[PDB]
Amino acid sequence: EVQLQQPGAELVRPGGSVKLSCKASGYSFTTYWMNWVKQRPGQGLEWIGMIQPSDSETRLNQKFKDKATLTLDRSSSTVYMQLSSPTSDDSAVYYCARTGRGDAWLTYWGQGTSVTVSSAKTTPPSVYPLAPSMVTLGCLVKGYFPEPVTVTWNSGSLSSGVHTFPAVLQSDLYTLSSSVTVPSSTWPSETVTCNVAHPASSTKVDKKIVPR
Amino acid sequence: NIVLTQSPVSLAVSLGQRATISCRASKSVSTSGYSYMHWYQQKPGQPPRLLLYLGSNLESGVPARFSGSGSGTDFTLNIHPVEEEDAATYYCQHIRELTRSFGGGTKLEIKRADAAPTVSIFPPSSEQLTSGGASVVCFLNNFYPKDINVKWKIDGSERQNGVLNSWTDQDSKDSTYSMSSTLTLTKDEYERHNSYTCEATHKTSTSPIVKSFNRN
Amino acid sequence: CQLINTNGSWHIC
């Protein structure tokens with residue numbers, strides 16, 4: 001299956017540099033076009049440019065003339081975008097996407113890399129269990145920087161009845177909560193565990209919700 | 001550059017009703033028998049999903065309930081019977097020339113019968129108290145319509161400082177909304193009091209839904 | 001049939 005691999009996030013000092021990666025698998029790397037798209041969370045899409053892996057032809061959105069450089073590494077099956085002189089304005093999700101045919105429609109998409117341009121520390125979250133027909137449980141993921149965090153319940157197996165709320169920012173530190181609703185018969189009888197990923201610090205925390 | 005203008009900015013459509021979304025380009029995106037206009041669907045926290053390419057071709061796996069039409073500078077996204085999972089933002093995008101442009105987006109909200117919030121309150125965990133902190137969490141889950149308010153009370157007195165709220169977009173399975181409210185205190189503060197109360201006021205009822213716990 | 005430049009290229013009949 002076609003897959004575009006992108007890191008979860010990039011923390012970048014203003015002025016520093018950052019070079020986003022997109023590793024393609026599941027097809028001959030030297031076919032189609034790889035495109036890069038910018039999006040501030042909450043807002044629209046904006047096209048940065050594309051590279052053709054067969055011959056490295058590039059096309060670039062002249063608004064990013066002096067910001068974006070697109071390159072590649074054939075042996076790595078990886079496409080790159082480097083951003084010059086990162087400011088707070090470059091903080092956004094950057095998706096890579098591959099055309100479905102030729103240079104046209106964007107069939108396949110990476111998950112997106114959230115770039116945060118900031119001096120601040122990299123702080124991992126503290127995860128806290130939240131325990132009290134149907135029963136609601138949760139996890140509080142407190143005190144992390146920068147975004148994002150990924151929450152799953154039971155390694156993915158609890159998909160439904162879940163609510164993972166947008167983070168709030170208070171003092172260069174994000175906090176979010178996740179809720180899960182399961183049947184009473186299911187808990188405490190069965191283990192319920194929230195799994196928290198914080199990519200920018202390479203952290204993965206598991207926390208079982210135990211009754212009081 | 002071609003500017004792509006969509007309309008409306010957003011729309012609400014009932015669980016069986018019709019959604020029709022429009023996209024106008026600054027100049028033609030047609031050449032030969034091809035219209036280089038494409039449509040995407042996005043739900044929060046995920047990449048866009050290609051729905052339609054070349055004006056009217058459904059991508060593989062995309063329900064027959066989605067249909068596109070148009071020519072030249074005017075394009076139309078139509079959605080057959082609107083299901084709950086269609087709550088999303090929809091984008092048009094052209095492949096005609098270098099500098100691809102997207103439309104500004106159109107958020108589709110689903111219309112729905114009212115539902116009261118399911119309210120749940122949670123004391124600070126033992127792990128948090130160990131660090132000198134004390135967050136009390138309240139979830140107000142699965143309600144419609146989206147407007148809601150939360151009141152915190154400590155030992156019977158309303159409390160305004162230290163609360164932070166977060167809201168979800170419309171749920172893809174039941175078209176409801178949810179909110180989370182956290183009251184962050186210090187351990188010492190938390191330990192000065194006994195009763196902690198979260199009250200939700202929603203259109204569904206004239207009286208707040210109250211949820212409580214006592215330390216001890 | 002004609003060649004259309006989107007910026008790769010297409011032959012459309």
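Residue numbering restarts at 1 for every chain, and letters A, B, ... go by the order of the sequence lines.
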[X] versus chain A, the contacting section by heavy-atom distance below 4.5 Å:
X: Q46(B); answer: backbone
X: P44(B); answer: neither
X: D171(B); answer: side chain
X: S120(B); answer: side chain
X: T89(B); answer: neither
X: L52(B); answer: neither
X: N141(B); answer: side chain
X: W39(B); answer: neither

**OP:** Would you check, one step at a time, whether the test salt bridge (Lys or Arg N to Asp or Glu O under 4.0 Å) holds for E97(B) with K27(B)?
**Re:** CA-CA 11 Å; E97(B) 57 160 43; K27(B) 61 183 67 178; 5.1 Å; no

If I measure from the heavy atoms of chain B, does [X] come under 4.5 Å with its side chain, its backbone, both, or neither?
X: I48(A); result: neither
X: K63(A); result: neither
X: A131(A); result: backbone
X: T164(A); result: backbone
X: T107(A); result: both
X: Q43(A); result: backbone
X: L140(A); result: side chain

Original post:
What is the ring orientation for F145(A) with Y174(A), classed by angle as parallel under 30°, tilted 30 to 60°, or perpendicular over 60°?
Top reply: parallel

Original post:
For chain B, which residues of residues 19-29 of chain A have at least one non-hydrogen atom nearer than 4.5 Å to it?
Top reply: none

Original post:
Among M134(A), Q170(A), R59(A), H163(A), who wins on heavy-atom pairs under 4.5 Å with chain B?
Top reply: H163(A)

Original post:
Roughly how far, to the nearest 0.5 Å, is CH2 of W33(A) from OG1 of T58(A)?
Top reply: 7.5 Å

Is it the case that [X] and [Y] place a side-chain donor and acceptor less than 3.5 Å from each other?
X: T99(B); Y: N61(A); value: no
X: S35(B); Y: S30(B); value: yes
X: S114(A); Y: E147(A); value: no
X: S54(A); Y: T30(A); value: no
X: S118(A); Y: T116(A); value: no

Subject >> Flag if over 12 foreign heavy atoms under 6.0 Å of CZ, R24(B) >> reply: no

Original post:
Does NZ belonging to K43(B) count more than 12 external heavy atoms closer than 6.0 Å?
Top reply: yes

Subject >> Close contacts, residues 181-190 of chain B versus chain A, judged by heavy atoms under 4.5 Å >> reply: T182(B), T184(B)

**OP:** Kindly indicate, with the supporting measurements, whether the criterion side chain to side chain contact (heavy atoms under 4.5 Å, CB included) is fulfilled by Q41(B) and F66(B).
**Re:** CA-CA 11 Å; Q41(B) 176 197 62; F66(B) 289 92; 3.9 Å; yes

Subject >> Step-by-step side chain to side chain contact (heavy atoms under 4.5 Å, CB included) determination, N57(B) to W105(A) >> reply: CA-CA 11 Å; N57(B) 300 287; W105(A) 51 89; over 6 Å; no

Original post:
Can the ring centres of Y40(B) and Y91(B) be said to be less than 6.0 Å apart?
Top reply: no

Original post:
So which of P123(B), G45(B), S135(B) has the largest heavy-atom pair count under 4.5 angstrom toward chain A?
Top reply: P123(B)

Original post:
Among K173(B), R49(B), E59(B), which residue forms the greatest number of heavy-atom pairs with chain A at distances under 4.5 Å?
Top reply: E59(B)

**OP:** Could you walk me through whether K203(B) and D114(B) pass the salt bridge (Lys or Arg N to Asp or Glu O under 4.0 Å) test, one step at a time?
**Re:** CA-CA 8 Å; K203(B) 124 187 282 167; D114(B) 293 350; 5.3 Å; no

Original post:
Taking it one step at a time, do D103(A) and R100(B) satisfy salt bridge (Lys or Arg N to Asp or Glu O under 4.0 Å)?
Top reply: CA-CA 11 Å; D103(A) 78 342; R100(B) 311 304 190 223; 3.0 Å; yes

Original post:
Given the rule in the side chain to side chain contact (heavy atoms under 4.5 Å, CB included) test, do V196(A) and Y144(A) qualify, once you have shown the distances and angles that lead to the verdict?
Top reply: CA-CA 11 Å; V196(A) 181; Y144(A) 65 91; over 6 Å; no

**OP:** Kindly indicate, with the supporting measurements, whether the criterion side chain to side chain contact (heavy atoms under 4.5 Å, CB included) is fulfilled by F75(B) and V29(B).
**Re:** CA-CA 10 Å; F75(B) 302 86; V29(B) 294; 3.2 Å; yes

Original post:
Sub-3.5 Å donor-acceptor pair from the side chain of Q6(A) to the main-chain atoms of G112(A), do we have one?
Top reply: yes

